[PDB]
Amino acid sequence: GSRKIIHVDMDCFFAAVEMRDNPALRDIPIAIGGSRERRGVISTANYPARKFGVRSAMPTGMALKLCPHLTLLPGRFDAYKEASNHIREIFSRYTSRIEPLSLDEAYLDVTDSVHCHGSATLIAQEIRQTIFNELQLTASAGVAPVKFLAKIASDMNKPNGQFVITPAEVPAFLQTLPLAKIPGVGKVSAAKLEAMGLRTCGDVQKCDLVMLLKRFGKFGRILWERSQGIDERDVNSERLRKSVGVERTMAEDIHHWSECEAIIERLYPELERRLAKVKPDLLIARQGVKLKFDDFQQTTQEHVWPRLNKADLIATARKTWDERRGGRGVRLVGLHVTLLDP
């Protein structure tokens, strides 16, 4: 009863798109991210910039210290969305068992496929080749019997490569696999796990499930399972969006309600435009606001509400402004909507 799961993942997605559309950027260090003056961070960088240590989520001031010639780009999201739609249509030529995880990646369950003699290895190769042929972008891929191992595997031979993990290979692969490589085990969990001698899946295998449950709740069951190659999550092609948000970090902290209200007046039309694409009548389940203070604490307050409404969002921001906050400066203002259930 062994499934074949492919994880396909575009290489340096945003930057790869900018280099295709402007070949001058191919061999110099580039990165999509907000300027140092906008207090921005790097969304991604090409390999010439990664050589200097430039990484996704790095504050753009640090990126520029490591790489003084870094060329900064704003991002062309319609171009990325277009390439996203294209590769998903390419996925559809091979199976309908497609679960996109983001613009540039997806799981595919090809267990019941009879393309390429039912070979998941050759399906993954054909997909990567077609993507390059039709979009002039490269992709990497991972092949394994379960989701999380396939996703790990797509990182191991990138860029423009793939890696295959068979059932026979799973135990050796797991023994020294660092826990932090598991999707969903992040910095905080890894440091907790490290703090009591759990670094790798092999370490967790020597652990009692009851103790893992007591100490991490349902997460501890996930840890126990993944450390054994257990991952029964099915590829789900029916996931739907649940929220939409629009927020802006200012170049300078604001200290006056007049400034906050002005920001909201610019954000609201954008939130409405994006809601309207997916819900023309603007009917929703909840709406709310977000403030992030100069000390980086953030608060949200949101409530049942039937339909996008600017004045209520201003009103709610006013309360949050007055009630929470206590004289701090504000670096970010956000608006938020929770979508109806169906």
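Sequential numbering from 1, following the sequence displayed.
Across the two stretches, 58 to 66 and 42 to 50, the PDB entry reports the greater mean Cα temperature factor for 58 to 66. The PDB entry reports B-factors from which the mean C-alpha value can be compared for 177 to 185 and 108 to 116; the larger average falls on 108 to 116. Going by the entry's values, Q129 shows the largest Cα B-factor out of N236, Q129, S102, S140. Note on the listed residues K242, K158, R221, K214: the highest Cα temperature factor in the record is that of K214. In the PDB entry, a CA B factor belonging to the middle third of its chain's modelled residues is recorded for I123. Among the modelled residues of its chain, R325 has a C-alpha B-factor that falls in the highest third, as given in the PDB entry. Residue-level temperature factors show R76 in the middle third of its chain, judged at the C-alpha atom. Ranked against the other modelled residues of its chain, the C-alpha B-factor of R88 as given in the entry falls in the middle third. Residue-level temperature factors show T166 in the lowest third of its chain, judged at the C-alpha atom.
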